[PDB]
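Q: Add 2 to a position in the sequence shown, counting from 1, and you land on the number used in PDB author numbering. Just passing along the structure, written as structure tokens.
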Amino acid sequence: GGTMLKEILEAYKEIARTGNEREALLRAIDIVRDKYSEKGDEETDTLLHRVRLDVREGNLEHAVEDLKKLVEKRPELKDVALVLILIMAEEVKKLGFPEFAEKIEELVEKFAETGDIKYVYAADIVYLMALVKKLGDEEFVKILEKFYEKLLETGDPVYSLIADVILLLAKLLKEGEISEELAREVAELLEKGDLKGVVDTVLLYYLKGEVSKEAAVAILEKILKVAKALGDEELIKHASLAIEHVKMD
Ligand SMILES: [Zn+2]
Ligand SMILES: [Zn+2]
């Protein structure tokens, strides 16, 4: 929390002064992995092995994915989160977006001289913007920006989950799954305040015969994940009933 985290960023900056932009990441991953190999944690050392291999090969997206999983299961880890944000910032610059890279860099700077996890989550949303900005959508970036602004003034770890749902909608809107109208309706429902009208809209579109049994369950499980970290038991039951109806019946 402000210590043992600023040294990692300082070393990253020294090894990035050259301009390699890839050996600094590997050195930071090494620094993190040494602190967790000296312990008796064999679940994190192997994960950092895989992450370093992915970064060295060039497949940083898999690294950000599995580091995201790690930081979600265990948010106590703060150097792992710092290296995750560094890899996110490095990957964003490869996608072709220089202003999102600047936003993530300032997020790293504010995370180093603090220790609050509320910035890490914010970085995720910025990262997601890049992804959403690459799939083609432009009207989905604004909702993500609104969530990003609302995270930096509330610090709720439940606003990145809605961004994950929006990313899922953007992904399905491209491949050939659920069409534009449902995407816009669900985005509008997730935007304002509704996580219960989303369930009803998905069910209504499923019964009317406009959504497959796989995309509907994907959206419903994402909504259940959002509703399991909000302290709601009148929406966990609703999501469970909807998943039961769509899945089997
Ligand atoms: Zn993996
Ligand atoms: Zn039925």
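Think of the CB as a built atom: it goes at the ideal place given N, C-alpha and C, for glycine as much as any other residue.
Would you report the Cα separation of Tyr129 and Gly199, rounded to the nearest angstrom?
A: Residue numbering aside, residue 129 sits at position 127 when the sequence shown is read from its first letter. Residue numbering aside, residue 199 sits at position 197 when the sequence shown is read from its first letter. Approximately 27 Å, taken between the alpha carbons.
Q: Can you give me the start and stop residues for the alpha helix (DSSP H) that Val57 sits inside?
A: Numbered from 1 along the sequence shown, position 55 holds the residue referred to as residue 57. Element bounds for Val57: 44-59.
Q: Within the structure, which residues are defined as neighbours of ligand 2 by a Cβ-heavy atom distance below 7 Å, reported in chain order?
A: Qualifying residues come out as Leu209, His247, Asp251.
Q: Assign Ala91 to one of three DSSP states: helix, strand, or coil.
A: Here the question's residue 91 lines up with position 89 in the sequence shown. Correct three-state label for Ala91: helix.
Q: Whole angstroms is fine: what's the gap from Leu192's alpha carbon to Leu232's?
A: As a working mapping, residue 192 is identified with position 190 in the sequence shown. As a working mapping, residue 232 is identified with position 230 in the sequence shown. If I take the Cα positions, the gap works out to 14 Å.
Q: Got a sec: does ligand 1 put a non-hydrogen atom nearer than 6 Å to the Cβ of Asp68?
A: Start at 1 with the first residue of the sequence shown, and residue 68 comes out as number 66. True, at least one ligand heavy atom lies under 6 Å from that Cβ.
Q: Have a look at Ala18 and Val57 and give me their C-alpha separation to the nearest angstrom.
A: Start at 1 with the first residue of the sequence shown, and residue 18 comes out as number 16. Start at 1 with the first residue of the sequence shown, and residue 57 comes out as number 55. The alpha-carbon atoms of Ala18 and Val57 are separated by roughly 15 Å.
Q: How many angstroms separate the CA atom of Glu12 from the CA atom of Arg29?
A: Stepping through the sequence shown from its first residue, residue 12 is reached at position 10. Stepping through the sequence shown from its first residue, residue 29 is reached at position 27. So the two alpha carbons sit approximately 12 Å from each other.
Q: Just tell me which of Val167, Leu243, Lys173, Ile31 has its CA closest to the CA of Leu69.
A: Here residue 69 corresponds to residue number 67 of the sequence shown, with the count starting at 1. Nearest C-alpha to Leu69: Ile31.
Q: Taking Cβ positions, are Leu7 and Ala91 nearer each other than 7 Å?
A: For the purposes of this step, residue 7 is taken as residue 5 along the sequence shown, with counting starting at 1. For the purposes of this step, residue 91 is taken as residue 89 along the sequence shown, with counting starting at 1. No; because the gap between Cβ atoms is not below 7 Å, this pair is not in contact.
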